[PDB]
file my_file.csv (CSV, N, CA, C and O atoms)
chain,number,residue,atom,x,y,z
A,35,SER,N,-4.6,2.0,-11.1
A,35,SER,CA,-4.8,0.5,-10.9
A,35,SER,C,-4.4,0.1,-9.4
A,35,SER,O,-3.3,-0.4,-9.2
A,36,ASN,N,-5.2,0.4,-8.5
A,36,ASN,CA,-4.8,0.1,-7.0
A,36,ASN,C,-3.6,1.0,-6.6
A,36,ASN,O,-3.7,1.7,-5.6
A,37,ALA,N,-2.5,1.0,-7.3
A,37,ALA,CA,-1.3,1.8,-6.9
A,37,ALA,C,-1.7,3.1,-6.2
A,37,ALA,O,-2.6,3.8,-6.6
A,38,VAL,N,-1.1,3.4,-5.1
A,38,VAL,CA,-1.4,4.6,-4.3
A,38,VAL,C,-0.1,5.2,-3.8
A,38,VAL,O,0.8,4.5,-3.5
A,39,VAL,N,0.0,6.5,-3.6
A,39,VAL,CA,1.2,7.1,-3.1
A,39,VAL,C,0.9,8.0,-1.9
A,39,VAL,O,-0.1,8.7,-1.8
A,40,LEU,N,1.9,8.1,-1.0
A,40,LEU,CA,1.7,9.0,0.1
A,40,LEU,C,2.8,10.2,0.0
A,40,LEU,O,3.9,9.9,-0.4
A,41,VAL,N,2.4,11.4,0.1
A,41,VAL,CA,3.3,12.5,-0.1
A,41,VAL,C,3.4,13.4,1.0
A,41,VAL,O,2.4,14.0,1.5
A,42,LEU,N,4.6,13.7,1.6
A,42,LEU,CA,4.7,14.6,2.7
A,42,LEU,C,5.6,15.8,2.4
A,42,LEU,O,6.0,15.9,1.2
A,43,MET,N,5.9,16.6,3.3
A,43,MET,CA,6.8,17.8,3.0
A,43,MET,C,8.0,17.7,3.9
A,43,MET,O,8.7,18.7,4.1
A,44,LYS,N,8.4,16.6,4.3
A,44,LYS,CA,9.6,16.4,5.2
A,44,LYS,C,10.8,16.1,4.3
A,44,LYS,O,11.5,17.0,3.8
A,45,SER,N,11.1,14.8,4.1
A,45,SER,CA,12.3,14.4,3.3
A,45,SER,C,13.6,14.3,4.1
A,45,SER,O,13.5,14.6,5.3
A,46,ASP,N,14.7,13.9,3.5
A,46,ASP,CA,15.9,13.7,4.3
A,46,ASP,C,15.7,12.7,5.4
A,46,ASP,O,16.0,11.5,5.2
A,47,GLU,N,15.2,13.0,6.5
A,47,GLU,CA,15.0,12.1,7.6
A,47,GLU,C,14.2,10.9,7.2
A,47,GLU,O,14.2,9.8,7.7
A,48,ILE,N,13.4,11.0,6.1
A,48,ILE,CA,12.6,9.9,5.7
A,48,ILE,C,13.4,8.8,5.0
A,48,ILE,O,13.5,7.7,5.5
A,49,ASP,N,14.0,9.1,3.9
A,49,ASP,CA,14.8,8.1,3.2
A,49,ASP,C,15.6,7.3,4.3
A,49,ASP,O,15.8,6.1,4.1
A,50,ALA,N,15.9,7.9,5.4
A,50,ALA,CA,16.6,7.1,6.5
A,50,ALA,C,15.5,6.3,7.2
A,50,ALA,O,15.7,5.1,7.3
A,51,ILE,N,14.5,6.9,7.7
A,51,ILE,CA,13.5,6.1,8.4
A,51,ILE,C,12.7,5.2,7.3
A,51,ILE,O,12.6,4.0,7.5
A,52,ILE,N,12.3,5.8,6.3
A,52,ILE,CA,11.6,4.9,5.3
A,52,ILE,C,12.4,3.7,5.0
A,52,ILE,O,11.9,2.5,5.0
A,53,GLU,N,13.7,3.8,5.0
A,53,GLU,CA,14.6,2.7,4.8
A,53,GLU,C,14.5,1.8,6.0
A,53,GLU,O,14.2,0.6,5.9
A,54,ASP,N,14.9,2.2,7.1
A,54,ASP,CA,14.9,1.4,8.3
A,54,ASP,C,13.5,1.2,8.9
A,54,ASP,O,13.2,0.4,9.7
A,55,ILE,N,12.6,2.0,8.4
A,55,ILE,CA,11.2,1.9,8.9
A,55,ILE,C,10.2,1.3,7.8
A,55,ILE,O,9.3,0.6,8.2
A,56,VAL,N,10.5,1.5,6.6
A,56,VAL,CA,9.6,1.0,5.5
A,56,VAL,C,10.3,0.1,4.6
A,56,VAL,O,9.7,-0.9,4.1
A,57,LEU,N,11.6,0.3,4.3
A,57,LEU,CA,12.3,-0.6,3.3
A,57,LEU,C,11.9,-2.1,3.6
A,57,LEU,O,11.4,-2.8,2.7
A,58,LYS,N,12.0,-2.5,4.8
A,58,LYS,CA,11.6,-3.9,5.2
A,58,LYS,C,10.1,-3.9,5.5
A,58,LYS,O,9.4,-4.8,5.0
A,59,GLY,N,9.6,-3.0,6.2
A,59,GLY,CA,8.1,-3.0,6.5
A,59,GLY,C,7.4,-3.0,5.1
A,59,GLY,O,6.4,-3.8,5.0
A,60,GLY,N,7.7,-2.3,4.2
A,60,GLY,CA,7.1,-2.3,2.9
A,60,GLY,C,7.5,-3.5,2.1
A,60,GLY,O,7.2,-3.7,0.9
A,61,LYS,N,8.3,-4.4,2.7
A,61,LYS,CA,8.8,-5.6,1.9
A,61,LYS,C,8.1,-6.9,2.4
A,61,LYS,O,8.3,-7.9,1.9
A,62,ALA,N,7.3,-6.8,3.5
A,62,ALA,CA,6.7,-8.0,4.0
A,62,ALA,C,5.3,-8.1,3.3
A,62,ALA,O,5.2,-8.9,2.3
A,63,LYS,N,4.3,-7.4,3.7
A,63,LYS,CA,3.0,-7.5,3.1
A,63,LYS,C,3.0,-6.7,1.8
A,63,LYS,O,2.4,-6.9,0.8
A,64,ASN,N,3.8,-5.6,1.9
A,64,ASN,CA,3.9,-4.7,0.7
A,64,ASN,C,4.8,-5.3,-0.4
A,64,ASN,O,5.9,-5.8,-0.1
A,65,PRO,N,4.2,-5.3,-1.6
A,65,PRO,CA,4.9,-5.9,-2.7
A,65,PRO,C,6.2,-5.1,-3.0
A,65,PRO,O,7.3,-5.7,-3.2
A,66,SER,N,6.1,-3.8,-3.1
A,66,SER,CA,7.3,-3.0,-3.3
A,66,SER,C,7.0,-1.5,-3.3
A,66,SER,O,6.2,-1.0,-4.1
A,67,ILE,N,7.5,-0.9,-2.3
A,67,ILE,CA,7.2,0.5,-2.1
A,67,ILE,C,8.4,1.4,-2.5
A,67,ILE,O,9.5,1.1,-2.2
A,68,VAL,N,8.1,2.5,-3.2
A,68,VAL,CA,9.2,3.4,-3.6
A,68,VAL,C,9.4,4.5,-2.5
A,68,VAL,O,8.5,4.7,-1.7
A,69,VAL,N,10.5,5.2,-2.5
A,69,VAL,CA,10.7,6.2,-1.5
A,69,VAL,C,11.3,7.5,-2.1
A,69,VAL,O,12.4,7.5,-2.5
A,70,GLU,N,10.5,8.5,-2.3
A,70,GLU,CA,11.0,9.8,-2.9
A,70,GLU,C,11.3,10.8,-1.9
A,70,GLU,O,10.6,10.9,-0.9
A,71,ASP,N,12.3,11.6,-2.1
A,71,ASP,CA,12.7,12.7,-1.1
A,71,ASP,C,13.0,14.0,-1.8
A,71,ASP,O,13.9,14.0,-2.6
A,72,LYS,N,12.3,15.0,-1.6
A,72,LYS,CA,12.6,16.3,-2.4
A,72,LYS,C,12.8,17.5,-1.4
A,72,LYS,O,11.9,18.2,-1.2
A,73,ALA,N,14.0,17.6,-0.9
A,73,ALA,CA,14.4,18.7,0.1
A,73,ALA,C,13.1,19.4,0.7
A,73,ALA,O,12.7,20.5,0.3
A,74,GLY,N,12.5,18.7,1.6
A,74,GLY,CA,11.2,19.3,2.2
A,74,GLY,C,10.0,18.6,1.6
A,74,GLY,O,8.9,19.0,1.8
A,75,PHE,N,10.2,17.5,0.9
A,75,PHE,CA,9.1,16.8,0.3
A,75,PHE,C,9.3,15.3,0.4
A,75,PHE,O,10.0,14.7,-0.3
A,76,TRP,N,8.6,14.7,1.4
A,76,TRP,CA,8.7,13.2,1.6
A,76,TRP,C,7.7,12.5,0.7
A,76,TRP,O,6.6,12.2,1.2
A,77,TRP,N,8.0,12.2,-0.5
A,77,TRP,CA,7.0,11.5,-1.4
A,77,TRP,C,7.2,10.0,-1.4
A,77,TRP,O,8.2,9.5,-1.9
A,78,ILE,N,6.4,9.2,-0.8
A,78,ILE,CA,6.5,7.8,-0.8
A,78,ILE,C,5.4,7.1,-1.6
A,78,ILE,O,4.3,7.6,-1.6
A,79,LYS,N,5.7,6.0,-2.2
A,79,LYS,CA,4.6,5.4,-3.0
A,79,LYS,C,4.5,3.9,-2.7
A,79,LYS,O,5.5,3.2,-2.8
A,80,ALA,N,3.3,3.4,-2.3
A,80,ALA,CA,3.2,2.0,-2.0
A,80,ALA,C,2.0,1.4,-2.8
A,80,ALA,O,1.3,2.1,-3.5
A,81,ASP,N,1.8,0.1,-2.7
A,81,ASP,CA,0.8,-0.6,-3.5
A,81,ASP,C,-0.2,-1.3,-2.5
A,81,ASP,O,-0.5,-2.4,-2.7
A,82,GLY,N,-0.7,-0.6,-1.5
A,82,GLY,CA,-1.6,-1.2,-0.6
A,82,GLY,C,-2.3,-0.1,0.3
A,82,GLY,O,-3.1,0.7,-0.1
A,83,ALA,N,-1.8,0.0,1.5
A,83,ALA,CA,-2.4,1.0,2.5
A,83,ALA,C,-1.2,1.7,3.2
A,83,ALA,O,-0.5,1.1,4.0
A,84,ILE,N,-1.1,3.0,3.0
A,84,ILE,CA,0.0,3.8,3.7
A,84,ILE,C,-0.6,4.7,4.8
A,84,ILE,O,-1.7,5.1,4.6
A,85,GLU,N,0.2,4.9,5.8
A,85,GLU,CA,-0.4,5.7,6.9
A,85,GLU,C,0.3,7.1,6.9
A,85,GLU,O,1.4,7.3,6.4
A,86,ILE,N,-0.3,8.1,7.5
A,86,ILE,CA,0.2,9.4,7.6
A,86,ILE,C,-0.5,10.2,8.7
A,86,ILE,O,-1.6,10.0,9.0
A,87,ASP,N,0.2,11.2,9.3
A,87,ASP,CA,-0.4,12.0,10.4
A,87,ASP,C,-0.1,13.5,10.2
A,87,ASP,O,0.6,13.9,9.2
A,88,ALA,N,-0.5,14.3,11.1
A,88,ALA,CA,-0.2,15.7,11.1
A,88,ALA,C,0.2,16.3,12.5
A,88,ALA,O,0.7,17.4,12.6
A,89,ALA,N,0.0,15.5,13.5
A,89,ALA,CA,0.4,16.0,14.9
A,89,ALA,C,1.8,16.7,14.8
A,89,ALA,O,1.9,17.8,15.3
A,90,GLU,N,2.7,16.1,14.2
A,90,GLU,CA,4.1,16.7,14.1
A,90,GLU,C,3.9,18.2,13.6
A,90,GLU,O,4.5,19.1,14.2
A,91,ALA,N,3.2,18.4,12.6
A,91,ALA,CA,3.0,19.8,12.1
A,91,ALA,C,2.5,20.7,13.2
A,91,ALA,O,2.7,21.9,13.2
A,92,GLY,N,1.8,20.1,14.2
A,92,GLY,CA,1.2,20.9,15.3
A,92,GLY,C,2.4,21.3,16.2
A,92,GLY,O,2.5,22.4,16.6
A,93,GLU,N,3.2,20.4,16.6
A,93,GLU,CA,4.3,20.7,17.5
A,93,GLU,C,5.2,21.7,16.8
A,93,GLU,O,6.0,22.4,17.4
A,94,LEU,N,5.0,21.8,15.5
A,94,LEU,CA,5.8,22.8,14.7
A,94,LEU,C,5.1,24.2,14.8
A,94,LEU,O,5.6,25.1,15.4
A,95,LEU,N,3.9,24.3,14.2
A,95,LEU,CA,3.2,25.7,14.3
A,95,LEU,C,2.1,25.6,15.4
A,95,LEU,O,1.8,26.5,16.0
A,96,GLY,N,1.6,24.4,15.6
A,96,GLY,CA,0.6,24.2,16.6
A,96,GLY,C,-0.7,24.9,16.3
A,96,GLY,O,-1.4,25.5,17.1
A,97,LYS,N,-1.2,24.8,15.0
A,97,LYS,CA,-2.5,25.4,14.7
A,97,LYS,C,-3.3,24.4,13.7
A,97,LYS,O,-3.5,23.3,14.2
A,98,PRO,N,-3.8,24.8,12.5
A,98,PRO,CA,-4.5,23.8,11.7
A,98,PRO,C,-3.5,22.7,11.2
A,98,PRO,O,-3.9,21.8,10.6
A,99,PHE,N,-2.3,22.9,11.5
A,99,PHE,CA,-1.2,22.0,11.1
A,99,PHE,C,-1.8,20.6,10.9
A,99,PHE,O,-1.4,19.9,10.0
A,100,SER,N,-2.6,20.1,11.8
A,100,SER,CA,-3.2,18.7,11.6
A,100,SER,C,-3.6,18.6,10.1
A,100,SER,O,-3.3,17.7,9.4
A,101,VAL,N,-4.4,19.5,9.7
A,101,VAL,CA,-5.0,19.5,8.4
A,101,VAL,C,-4.2,20.4,7.4
A,101,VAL,O,-3.7,20.0,6.4
A,102,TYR,N,-4.1,21.7,7.8
A,102,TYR,CA,-3.3,22.6,6.8
A,102,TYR,C,-2.0,21.9,6.4
A,102,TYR,O,-1.6,22.1,5.3
A,103,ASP,N,-1.5,21.0,7.2
A,103,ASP,CA,-0.3,20.2,6.8
A,103,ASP,C,-0.8,19.0,6.0
A,103,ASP,O,-0.2,18.8,5.0
A,104,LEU,N,-1.8,18.3,6.4
A,104,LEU,CA,-2.2,17.2,5.6
A,104,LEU,C,-2.6,17.7,4.2
A,104,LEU,O,-2.3,17.1,3.2
A,105,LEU,N,-3.3,18.8,4.2
A,105,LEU,CA,-3.8,19.3,2.8
A,105,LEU,C,-2.6,19.6,1.9
A,105,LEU,O,-2.6,19.2,0.8
A,106,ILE,N,-1.6,20.3,2.4
A,106,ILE,CA,-0.5,20.7,1.6
A,106,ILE,C,0.4,19.4,1.3
A,106,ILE,O,1.0,19.3,0.3
A,107,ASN,N,0.5,18.5,2.3
A,107,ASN,CA,1.4,17.3,2.1
A,107,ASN,C,0.5,16.2,1.4
A,107,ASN,O,1.0,15.5,0.5
A,108,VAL,N,-0.7,16.0,1.9
A,108,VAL,CA,-1.5,14.9,1.2
A,108,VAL,C,-1.8,15.2,-0.2
A,108,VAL,O,-2.5,14.5,-0.9
A,109,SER,N,-1.3,16.3,-0.8
A,109,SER,CA,-1.6,16.6,-2.2
A,109,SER,C,-1.7,15.3,-3.0
A,109,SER,O,-2.4,15.2,-4.0
A,110,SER,N,-0.9,14.4,-2.7
A,110,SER,CA,-0.9,13.1,-3.5
A,110,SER,C,-2.0,12.2,-2.8
A,110,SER,O,-1.8,11.0,-2.6
A,111,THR,N,-3.1,12.8,-2.4
A,111,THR,CA,-4.1,12.0,-1.7
A,111,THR,C,-4.7,10.9,-2.6
A,111,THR,O,-5.4,10.0,-2.1
A,112,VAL,N,-4.4,10.9,-3.9
A,112,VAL,CA,-4.9,9.9,-4.8
A,112,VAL,C,-6.1,9.1,-4.3
A,112,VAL,O,-7.2,9.4,-4.6
A,113,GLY,N,-5.8,8.1,-3.5
A,113,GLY,CA,-7.0,7.3,-3.0
A,113,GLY,C,-7.5,8.0,-1.7
A,113,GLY,O,-7.6,7.3,-0.7
A,114,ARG,N,-7.8,9.2,-1.8
A,114,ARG,CA,-8.4,9.9,-0.6
A,114,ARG,C,-7.6,9.6,0.7
A,114,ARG,O,-6.6,8.8,0.7
A,115,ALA,N,-7.9,10.2,1.8
A,115,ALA,CA,-7.2,9.9,3.1
A,115,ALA,C,-8.2,9.9,4.3
A,115,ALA,O,-8.7,10.9,4.7
A,116,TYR,N,-8.4,8.7,4.8
A,116,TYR,CA,-9.3,8.6,6.0
A,116,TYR,C,-8.7,9.2,7.2
A,116,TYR,O,-7.6,8.8,7.6
A,117,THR,N,-9.3,10.2,7.7
A,117,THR,CA,-8.7,10.9,8.9
A,117,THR,C,-9.0,10.2,10.2
A,117,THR,O,-10.0,9.5,10.3
A,118,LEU,N,-8.2,10.4,11.2
A,118,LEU,CA,-8.5,9.7,12.5
A,118,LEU,C,-8.4,10.7,13.7
A,118,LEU,O,-7.6,10.4,14.6
A,119,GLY,N,-9.0,11.8,13.6
A,119,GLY,CA,-8.9,12.8,14.7
A,119,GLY,C,-7.5,13.4,14.8
A,119,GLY,O,-7.3,14.5,14.7
A,120,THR,N,-6.6,12.5,15.0
A,120,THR,CA,-5.1,12.9,15.1
A,120,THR,C,-4.3,12.4,13.9
A,120,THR,O,-3.3,13.0,13.6
A,121,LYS,N,-4.7,11.4,13.3
A,121,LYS,CA,-3.9,10.9,12.1
A,121,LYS,C,-4.8,10.4,11.0
A,121,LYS,O,-5.9,9.9,11.2
A,122,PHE,N,-4.4,10.5,9.8
A,122,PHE,CA,-5.2,10.1,8.6
A,122,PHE,C,-4.5,8.9,7.9
A,122,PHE,O,-3.4,8.5,8.3
A,123,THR,N,-5.0,8.4,6.8
A,123,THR,CA,-4.4,7.3,6.1
A,123,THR,C,-4.8,7.3,4.7
A,123,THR,O,-6.0,7.5,4.4
A,124,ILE,N,-4.0,7.0,3.7
A,124,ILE,CA,-4.4,7.0,2.3
A,124,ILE,C,-4.3,5.5,1.8
A,124,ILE,O,-3.3,4.9,1.9
A,125,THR,N,-5.3,5.1,1.1
A,125,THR,CA,-5.4,3.7,0.6
A,125,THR,C,-6.1,3.6,-0.7
A,125,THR,O,-6.5,4.7,-1.3
A,126,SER,N,-6.4,2.5,-1.2
A,126,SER,CA,-7.2,2.3,-2.5
A,126,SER,C,-8.5,1.6,-2.2
A,126,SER,O,-9.5,2.1,-2.0
A,127,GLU,N,-8.4,0.3,-2.4
A,127,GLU,CA,-9.7,-0.5,-2.2
A,127,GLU,C,-10.3,-0.2,-0.8
A,127,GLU,O,-9.7,0.3,0.0
A,128,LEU,N,-11.6,-0.6,-0.7
A,128,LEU,CA,-12.3,-0.3,0.6
A,128,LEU,C,-11.4,-0.6,1.8
A,128,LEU,O,-10.4,-1.2,1.7

call {"tool": "encode", "arguments": {"input": "my_file.csv", "output": "structure tokens"}}
result
Amino acid sequence: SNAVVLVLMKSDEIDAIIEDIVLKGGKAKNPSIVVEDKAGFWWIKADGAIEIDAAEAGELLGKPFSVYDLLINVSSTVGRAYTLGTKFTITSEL
């Protein structure tokens, strides 16, 4: 039902940034966003439109990382993920 989640493979640093970056950000237009962290798994869940990228994975291995990383981390693609050459995004309604 609309509900959509964003899932990454980071964690740790997120609960910190999700908090100072999303806690409030997901508190304005966002009704209430959850923040999951699994030692190398940044799983966040929102009820609108969440953003996500893969460039970082490139600075890490610097190869298909853009996607090989989005594919392994976007596993929670639920509402698919519109890509943007360098960054993609997962949402629900059009």

call {"tool": "select_by_dssp", "arguments": {"input": "my_file.csv", "residues": "stretch 38-100 of chain A", "states": "strand (DSSP E)", "output": "number ranges by chain"}}
result
A: 38-41, 68-71, 76-80, 83-87

call {"tool": "atom_distance", "arguments": {"input": "my_file.csv", "atom1": "atom CA of residue A:35", "atom2": "atom N of residue A:72"}}
result
24.3 Å

call {"tool": "atom_distance", "arguments": {"input": "my_file.csv", "atom1": "atom CA of residue A:52", "atom2": "atom N of residue A:98"}}
result
26.2 Å

call {"tool": "closest_residue", "arguments": {"input": "my_file.csv", "among": "A:110, A:56, A:128, A:38", "to": "residue A:79", "atoms": "all atoms listed in the file"}}
result
A:38

call {"tool": "closest_residue", "arguments": {"input": "my_file.csv", "among": "A:91, A:84, A:73, A:62", "to": "residue A:114", "atoms": "all atoms listed in the file"}}
result
A:84

call {"tool": "atom_distance", "arguments": {"input": "my_file.csv", "atom1": "atom CA of residue A:109", "atom2": "atom CA of residue A:78"}}
result
12.0 Å

call {"tool": "select_by_dssp", "arguments": {"input": "my_file.csv", "residues": "chain A", "states": "alpha helix (DSSP H)", "output": "list in words"}}
result
residues 47, 48, 49, 50, 51, 59, 60, 61, 62, 89, 90, 91, 92, 93, 94, 104, 105, 106 and 107 of chain A

call {"tool": "closest_residue", "arguments": {"input": "my_file.csv", "among": "A:127, A:40, A:45, A:116", "to": "residue A:75", "atoms": "all atoms listed in the file"}}
result
A:45

call {"tool": "closest_residue", "arguments": {"input": "my_file.csv", "among": "A:83, A:124, A:43, A:51", "to": "residue A:111", "atoms": "all atoms listed in the file"}}
result
A:124

call {"tool": "closest_residue", "arguments": {"input": "my_file.csv", "among": "A:115, A:37, A:99, A:125", "to": "residue A:81", "atoms": "only C-alpha atoms"}}
result
A:37

call {"tool": "closest_residue", "arguments": {"input": "my_file.csv", "among": "A:39, A:57, A:48, A:108", "to": "residue A:88", "atoms": "only C-alpha atoms"}}
result
A:108
